[PDB]
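If you're matching them up, the sequences are chains A and D in order.
Residues 4 to 227, 1003 to 1227, 2002 to 2226 in PDB author numbering are what the first sequence lists, from first letter to last.
Residues 3 to 227, 1003 to 1227, 2002 to 2227 in PDB author numbering are what the second sequence lists, from first letter to last.
From the three backbone atoms N, C-alpha and C, an ideal C-beta is built for every residue, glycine too.
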Amino acid sequence: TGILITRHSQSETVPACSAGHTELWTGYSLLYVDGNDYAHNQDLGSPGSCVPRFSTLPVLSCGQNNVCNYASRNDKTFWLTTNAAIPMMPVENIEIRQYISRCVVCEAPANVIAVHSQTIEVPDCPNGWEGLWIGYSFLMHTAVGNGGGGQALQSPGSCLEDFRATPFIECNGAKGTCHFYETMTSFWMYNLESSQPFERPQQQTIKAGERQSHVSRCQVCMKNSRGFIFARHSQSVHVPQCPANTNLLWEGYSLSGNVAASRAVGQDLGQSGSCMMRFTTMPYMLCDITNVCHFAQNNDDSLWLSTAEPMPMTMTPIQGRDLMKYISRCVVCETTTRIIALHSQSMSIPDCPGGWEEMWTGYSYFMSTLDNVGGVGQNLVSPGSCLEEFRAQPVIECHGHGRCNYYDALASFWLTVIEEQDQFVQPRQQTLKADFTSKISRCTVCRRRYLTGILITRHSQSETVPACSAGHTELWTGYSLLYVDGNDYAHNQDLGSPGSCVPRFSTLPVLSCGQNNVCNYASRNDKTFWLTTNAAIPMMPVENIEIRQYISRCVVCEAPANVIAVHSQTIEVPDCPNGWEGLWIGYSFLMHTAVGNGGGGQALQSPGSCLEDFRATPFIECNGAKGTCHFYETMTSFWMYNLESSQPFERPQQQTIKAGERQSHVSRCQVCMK
Amino acid sequence: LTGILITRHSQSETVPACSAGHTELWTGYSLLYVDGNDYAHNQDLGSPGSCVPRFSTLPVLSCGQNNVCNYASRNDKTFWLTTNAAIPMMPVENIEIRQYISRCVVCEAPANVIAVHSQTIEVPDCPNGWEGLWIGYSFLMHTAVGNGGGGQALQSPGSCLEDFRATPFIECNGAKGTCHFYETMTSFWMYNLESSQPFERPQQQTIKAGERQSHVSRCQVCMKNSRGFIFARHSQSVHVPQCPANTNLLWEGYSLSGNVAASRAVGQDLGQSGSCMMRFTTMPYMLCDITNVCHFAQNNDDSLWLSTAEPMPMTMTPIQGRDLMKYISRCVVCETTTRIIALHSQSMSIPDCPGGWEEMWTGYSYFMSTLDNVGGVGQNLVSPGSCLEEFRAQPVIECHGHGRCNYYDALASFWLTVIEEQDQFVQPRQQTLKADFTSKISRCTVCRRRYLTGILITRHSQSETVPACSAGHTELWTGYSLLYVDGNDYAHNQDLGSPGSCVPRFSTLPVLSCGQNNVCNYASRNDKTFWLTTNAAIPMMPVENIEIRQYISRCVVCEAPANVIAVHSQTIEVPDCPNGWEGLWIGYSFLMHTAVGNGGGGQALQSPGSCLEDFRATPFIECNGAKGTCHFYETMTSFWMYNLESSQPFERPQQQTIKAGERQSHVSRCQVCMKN
Ligand SMILES: [Cl-]
Ligand SMILES: [Cl-]
Ligand SMILES: [Cl-]
Ligand SMILES: [Cl-]
Ligand SMILES: [Mg+2]
Ligand SMILES: [Mg+2]
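As structure tokens, this is what we get:
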């Protein structure tokens, strides 16, 4: 059954699958798209980072007035690059090919993960796992400023076989050229060998041939049970225990994320990338285009889940071995079946679906935000969105300097209780003490008790609740959540994830918590964004029960096998891979931008990247505390472009596409099940 | 005539003309801002820097640390005020651009010129003794996409556009040589508050087509008929402050710190009249979109007000309604015959005014406020707005379209700290203060000149030796060349032509941060500072202690007898000074900079700070605040005005990689000029 692994060559060569592993397609290694000044990344370990047809601009931009614009602004694409020497001038048409990494997508017989030693040692695979390749721990990237992204440390995409200081190239979309720029920065996990635990990082500048001995090593491992894994966090100084019917792989320290070059990139707390075997206030170094790397020389941060230990009365930063009292511990566990989280949005703890068993219960944790670096958020189907201890301040901030503290702008967001009758009523402002756990949505983490436990999410893009495919089991129905804009950070749910299908609607489904153990509901200026229906656009915002005709409905279904989207990048519907069968066809939906810092995007292998109805404005903006929703000219949708008339490295030609011609310029897709 | 300059934009293809006896200095094209390396650097539409003599879709060059500059090689943008021409269906190129670029003129005026805003449908009268030059609509902010954009100073004539347009600017893709209008472009205009009580909830509205004009605040641009320099003064209390001696009251109002629209905070300098609004409201503006619809208080935007010492309610719930009166600081706007400056001691000593200057008030050195994911609002350190009479850990309160205000945890303040002489070039000592804050806050004095009007000039040596004043100029102080502070990941700059960029005492951390619960923190987090650097050689690794001084540019602040501007040739030729002006120095046209993270900033093109005497591809250094070490990084970019000598105006820029050995020959030149 179709567990899918993606391999990147970091060269002009197309990589190969192993024997036994069936090749699904080959392509070009896509890192991220910069659309309307918003960076939307693909996971390098996922099939969505392997794009069959190259273009410097494989996307189309669509606005609120039935006009789409191709290659009409200043959007960029970023691709993993090769070992070719850095050119003096930007490269154009077929010379580009020498600089774009190639990739292959393969079906593996069992789960595949990356493990990281955080040292010069190559880490071993866990018992019952075997190595596929070894490499270097690739953590984050920025092209310029804080525009960039980062990898999940559980993902094979965080383990690149070739260490390169500049591992990606930047393409000017409409100019059709690609180049390297001095601001391009890579961030790699650092070799912590023999470092003094909890003491100040020993700053280093490293050059040329000595760089590699300072990079953390990794191995990508496949299970020989299909070997699904997850993390569990104690939120205390005590190491937690793996739940019944799961086996301990390793213990560690709870990594929430990293803030490099003023961009926070989180590690999902359900994944093994949130459980580091070695704690440090600075887990990574930066590497520049002149083959110099700097460790703890400038001003970057790490974020760790914390304990309930109080700040000292002096409120001075914590340093030295005192830090041990403040950092949460974790374990990584292996299970024969998949793990999910369910959120009630009520005081009721949700029950596990029929056929599943409860691993733990907790509180619905949505995101943490920071000042002027964005934030770090959880997938609402991940166990990381279900923390067993409610905390106003669940995350502590640490610096290259070697100290950590709670700083005032650190905020947390949790799903709130929404009584059924209150869904379409204006949120009522409330300030609460952080021991009032009765205002916080409850959650349950479940493993499947043979079906491995795959969930499919479908969005109707209408007022009608959609049905599961025949033979699939309906688990719940809900409303199509796209993202929450909280303290001016946009945290998305992928539309293929059950986390985008929330059972209860509200213009404000979250509350925020801050310092002094105080939480606030509907007390500031937050907003939420939902996939919308086919209803006519209103002349002014809609309010309370009128909102219901503009919110897409959804259903979450349990399916016997894996599901992916495939994209033709042409006007034709793509066939499913050999051995897979189609569930629905649609239009290739990549990313979106909106007012302020608003934006997000879909994984290209996710069913969320395949919407059945093409809509230039597929989502609506809800004013959180006002209880009203509306469409705005600041909303943009990005779809994969129909490249049928283009050569791979041909420069995009500007096109303004009007009315009924828009759909003919949009890539088609099919959602397929093994 | 001392060389006071007024800038007018026609919002049309026709070049505008100067008033009666006003002498024309030059004409040009109306530059709004430049988006370089994903950083927006704006020109003040009321200043000569917004009037650029030679158009290009990309009039700038990008230079890096590794011996290469790039022209038209990335995805940089320019934004220009536009005309009344109909919006095209697709981007326009080459000569088709011309009909869409507003023209401008720079004129010499005999006296000070300001904008006054009614915040109503009524055109405000000029203050007694002032004469109107034009009337218009109150233009506050703009965004092109996301939170990239900027805003006007409400004292500036640039906040008073004669023609109201929902889309008053056009966007040019630098390297493609095309310009266009995009659906995400938004303008923000001050709102007509005629039918509303000040502390009642904003009554949200959606306004269509023909009714939009009647909801826009009106303004008049006024010239003094004394030259009538003005300043604001804030009480930080509900009491209306008094105008100091030898100054006269123009109006009283409420202390506006800034606005946060589409997730971009744009401050009003607290020394300028734009920080003193006649009418308070939690939502002073509306947004207007490209489809001729405006929305007032329908979505989620903010205003920022200087606050009183009134305690938050113990419940910590937001404040609403009549209760808001207790929290909003009051202000006055005063006129004076001479100019106003602030001096900062960086110590517990209160500084004395220079010889020939008289003290108006004393206070504490206020640098900036930061907010979460919208940036921050900062003060010019020579402005009286950088000298607040009362220290406050939380000097600013945040207000919403909803009609409520509160302090929120992410709202932080930054103050200049005490730096002893012996603390310079030493690693900062961490300190968390729960009491005795004033032991670590710099003191300041606001002075007016006692005839010379008190014009101050700043020179940067780009060396470790202090530069000299031009003869006839009086030296007031010397210092170190501060470019910007990166605090809570907001970059707040000092213009290199402002005396605020000349800091008497160096530290890798010259500020401390204060926040909720009345706690201040020095060297406690991860802040950093950027200084103009020297001619010294690039180090192989970060420098420390006795090595840092050779890398920090020195500066001098001098009093000049007449006004001083930079002029730019936009060619390899050194430009002549205007008729009746004489040159002080020559140099290279320095527009903006970007660095790690959210780091960046830029110079006003009429400021001497836009004219550096030495070209350096990496003209500044990055100091790690708490570590006390400084270094150069590949993330540092400098932007210079480009040599357009052989470019036709609407010609498409040609990509060029420019290697060391010819970088200087592609850089516009400048001369800094003083009125005779
Ligand atoms: Cl584009
Ligand atoms: Cl809110
Ligand atoms: Cl460019
Ligand atoms: Cl610091
Ligand atoms: Mg906001
Ligand atoms: Mg930072």
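6 Å Cβ shell around residue i - same chain, five flanking residues per side excluded
i: residue 2259 of chain D; result: Not covered by the structure: residue 2259 of chain D. The range shown for chain D is 3 to 2227.
i: A:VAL147; result: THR186
i: A:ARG1056; result: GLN121, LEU195
i: D:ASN96; result: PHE2201
i: A:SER2064; result: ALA1189, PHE1191, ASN2072
i: D:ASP165; result: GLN13
i: D:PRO2018; result: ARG2010, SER2012, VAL2107
Residue burial classification, residue i (beta-carbon count within 10 angstroms, cutoff 16)
i: D:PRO1090; result: exposed
i: D:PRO2170; result: buried
i: A:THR1068; result: exposed
i: A:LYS178; result: buried
i: A:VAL125; result: exposed
i: A:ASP40; result: buried
i: A:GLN154; result: buried
i: D:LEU1026; result: exposed
i: D:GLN205; result: exposed
Extent of the continuous beta strand (DSSP E) to which residue i belongs
i: A:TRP2191; result: 2188-2192
i: D:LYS226; result: 220-226
i: D:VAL115; result: 115-119
i: D:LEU1033; result: 1025-1038
i: D:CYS1224; result: 1220-1226
i: A:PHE2171; result: 2171-2175
i: D:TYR2102; result: First-last for D:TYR2102: undefined, no H or E at that position.
i: A:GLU2185; result: No beta strand (DSSP E) contains A:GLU2185, which DSSP labels as neither H nor E.
i: A:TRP2028; result: 2025-2038
i: D:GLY1140; result: 1134-1148
i: A:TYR31; result: 25-38
i: D:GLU1112; result: 1107-1113
i: D:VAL62; result: 62-65
i: A:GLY2150; result: No beta strand (DSSP E) holds A:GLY2150; DSSP gives it neither H nor E.
Rounded Cβ spacing between residue i and residue j (contact assumed at less than 8 Å)
i: D:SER1106; j: D:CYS221; result: Not confirmed; about 23 Å, so no contact.
i: D:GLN1123; j: D:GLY2179; result: The Cβ separation is near 17 Å, so there is no contact.
i: A:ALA2117; j: A:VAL2223; result: 5 Å
Sequence-distant residues of the same chain with beta carbon closer than 7 Å to residue i, five excluded per side
i: A:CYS128; result: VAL118, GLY134, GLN222, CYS224
i: A:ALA42; result: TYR35, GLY150, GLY151, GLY152
i: A:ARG1226; result: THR1115, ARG1116, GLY1133, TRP1134
Rounded straight-line distance, which links the Cα of residue j to that of residue i
i: D:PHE201; j: D:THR208; result: 21 Å
i: D:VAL2108; j: D:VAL108; result: 26 Å
i: A:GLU15; j: A:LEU60; result: 20 Å
i: A:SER1126; j: A:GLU2213; result: 49 Å
i: A:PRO1095; j: D:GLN1097; result: 36 Å
i: residue 2230 of chain A; j: A:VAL2054; result: This structure leaves residue 2230 of chain A out entirely; chain A is present only between 4 and 2226.
i: D:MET143; j: D:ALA1038; result: 8 Å
i: A:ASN2130; j: D:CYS65; result: 51 Å
i: D:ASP2078; j: A:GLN2121; result: 45 Å
i: D:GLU98; j: D:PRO2126; result: 29 Å
Other residues of its chain near residue i: CB distance less than 8 Å, five sequence neighbours each side excluded
i: residue 2247 of chain A; result: No information on residue 2247 of chain A is available, as it lies outside the stretch 4 to 2226 that chain A covers here.
i: D:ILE2097; result: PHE1202
i: A:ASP78; result: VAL36, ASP37, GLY38, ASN39, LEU60, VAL62, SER64, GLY176, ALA177
Residue i: CB within 8 Å of a non-hydrogen atom of ligand 8
i: A:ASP2040; result: Within the structure as shown, ligand 8 is missing, the only ligands being ligand 1, ligand 2, ligand 3, ligand 4, ligand 5 and ligand 6.
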